[PDB]
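Trainee: Experimental structure and its sequence below.
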Amino acid sequence: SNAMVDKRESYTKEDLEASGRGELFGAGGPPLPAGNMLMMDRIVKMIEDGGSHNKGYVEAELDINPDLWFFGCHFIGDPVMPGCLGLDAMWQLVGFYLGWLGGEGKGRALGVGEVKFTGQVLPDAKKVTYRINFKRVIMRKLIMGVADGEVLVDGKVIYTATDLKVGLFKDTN
Amino acid sequence: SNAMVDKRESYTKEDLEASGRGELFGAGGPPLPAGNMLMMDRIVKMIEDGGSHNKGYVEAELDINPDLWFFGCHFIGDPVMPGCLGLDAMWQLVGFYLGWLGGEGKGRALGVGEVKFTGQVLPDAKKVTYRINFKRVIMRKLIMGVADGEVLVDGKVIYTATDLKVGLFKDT
Ligand SMILES: O=C(O)CCCCC(=O)c1ccccc1
Ligand SMILES: O=C(O)CCCCC(=O)c1ccccc1
């Protein structure tokens, strides 16, 4: 497995930017997206035996302000964070967890079982929270994770996802 | 319903930009996302009561070039179109269809059933295709569309989505 992981229980914005550049986990591990595709500012908790199935728990946050890039283009005259990007943040975190445990390769989302959106992130919000509860983690041969996740805005659940799936791949050609 | 719709069977890039500005359907109708959230260059066909369930069909295309913004940040050194954006293109198209039929309000995705990604869009691809087969359209009281979708890259199916759901809301 990948020995180079700077493995800590929480990560700062600068850590997440380092991850985008491949530095946090090193050359063999999955980077987060960078820049406009990075959907978190911090990871507040990662616990290997945690969560609703004792298979892993991850919690992360995105600070909201009215000038985040997606508000101005989605939609003109009706700013709302794209639900697809909150879904992606959850996929991002599943792949990150696999790399955090030493999984080698680049991350690719494989899909999700069901997503329900019941509320929205508006420019007057302050905090988006992502919660990930792992249900299966395969760390041998073909590395893959399955988890349930929720997105909250200022403490209120607005999205649920069941059976988020992400794999790591040493070669994607 | 909304009588202002410039209703045609296909739409150009300029039409989609007009939609982002609220012009194509007018004041009462759902705009598409603009700029970096617009995930299509053209709508090549819309068929009322068409498709696999005879409840509606939409097909759209996105031309691929290495300059598209998402390649450079997802991921550094390993470009791949985010699957979440291809999923969003499908939600975008469901809402657009509801507005095309005269539905009033702003679009919001409500969710999706099972989504499977089995391949990727790389920067040397030429064209992504989105195919939307509606299964139900509700145009009164609480406007909602439910559809299945497929995403192809250069003719190869790479994503499937079951039970995409989108609503229109006059007050959010
Ligand atoms: O990007 C999207 O289109 C999803 C945005 C959030 C969903 C939403 O605004 C909502 C959904 C159900 C009920 C009320 C609001
Ligand atoms: O944005 C993502 O994370 C998903 C990208 C598309 C899925 C993909 O690249 C893939 C899926 C299965 C096997 C190989 C590649």
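Mentor: Great, that's in hand. Residues are numbered from 1 along each chain as shown, chains lettered A, B, ... in the order given. Ligands and ions are numbered 1, 2, ... in the order given.

Trainee: ok now do residue A:158, which residues does it touch?
Mentor: A:117-121, A:151-152 (Cβ atoms under 8 Å, 6 or more residues apart in numbering or on different chains). The way it works is simple: take the backbone N, C-alpha and C, and place the C-beta from them, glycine included.

Trainee: ok, of those residues, which one's closest to residue A:60?
Mentor: residue A:151 (10.2 Å; Cβ to Cβ).

Trainee: thinking that closest one is in contact with residue A:85, fair?
Mentor: No: the criterion here is Cβ atoms under 8 Å, and residue A:151 misses it with residue A:85 at 9.9 Å.

Trainee: among the contacts of residue A:158, which ones are buried?
Mentor: Neighbour counting with 16 or more other Cβ atoms under 10 Å in any protein chain shown marks A:117, A:120-121, A:151-152 as buried within the contacts of residue A:158.

Trainee: near ligand 2 too, which of those residues?
Mentor: Here nothing survives when the buried ones among the contacts of residue A:158 are matched to ligand 2 using Cβ under 6 Å from any ligand atom.

Trainee: Serialize the residues you listed to a markdown table and add fields for distance to ligand 1 and secondary structure.
Mentor: As requested, the buried ones among the contacts of residue A:158 are exported to a markdown table (distance: Cβ to the nearest ligand atom, whole Å; DSSP: H, G, I helix; E, B strand; the rest coil):
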| residue | distance to ligand 1 | secondary structure |
| --- | --- | --- |
| A:117 | 4 | strand |
| A:120 | 3 | coil |
| A:121 | 7 | coil |
| A:151 | 9 | strand |
| A:152 | 13 | strand |
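
Trainee: Also within reach of chain B: list those from those residues.
Mentor: A:117, A:120 (Cβ under 8 Å from any Cβ of the partner chain).

Trainee: where's the top helix by length along chain A relative to the chain centroid, distance-wise?
Mentor: Secondary structure of chain A per DSSP state H: the longest helix is helix A:83-100. Offset of helix A:83-100 from its chain centre (Cα atoms, centre = their mean, to the nearest Å): 2 Å.

Trainee: so that helix versus helix B:83-100, what angle?
Mentor: Taking axes from the mean of the first three to the mean of the last three Cα atoms, to 10 degrees, one finds helix A:83-100 and helix B:83-100 inclined to each other by 170 degrees.

Trainee: Can I get helix A:83-100 in CSV, CA atoms only?
Mentor: Extracted C-alpha coordinates of helix A:83-100, given in CSV (Å, rounded to 0.1, in the frame of the first residue of the first chain):
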residue,chain,number,x,y,z
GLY,A,83,-26.8,19.7,-5.8
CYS,A,84,-24.4,17.8,-8.1
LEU,A,85,-21.4,19.5,-6.5
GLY,A,86,-22.6,18.6,-3.0
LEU,A,87,-23.0,15.0,-4.3
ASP,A,88,-19.5,15.3,-5.7
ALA,A,89,-18.1,16.4,-2.4
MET,A,90,-19.3,13.2,-0.9
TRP,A,91,-17.7,11.1,-3.7
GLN,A,92,-14.5,13.2,-3.1
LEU,A,93,-14.5,12.2,0.6
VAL,A,94,-15.1,8.5,-0.1
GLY,A,95,-12.1,8.4,-2.4
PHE,A,96,-10.0,10.5,0.0
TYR,A,97,-10.8,8.0,2.8
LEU,A,98,-9.6,5.1,0.6
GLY,A,99,-6.3,7.0,0.0
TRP,A,100,-6.0,7.9,3.7
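
Trainee: In the sheet, which strands lie alongside the helix or strand following it, parallel or antiparallel?
Mentor: Using DSSP states H and E, the next helix or strand after helix A:83-100 towards the C-terminus is strand A:106-112. Paired with strand A:106-112 in the same sheet, following DSSP bridges, are strand A:156-169 (antiparallel), strand B:115-117 (antiparallel).
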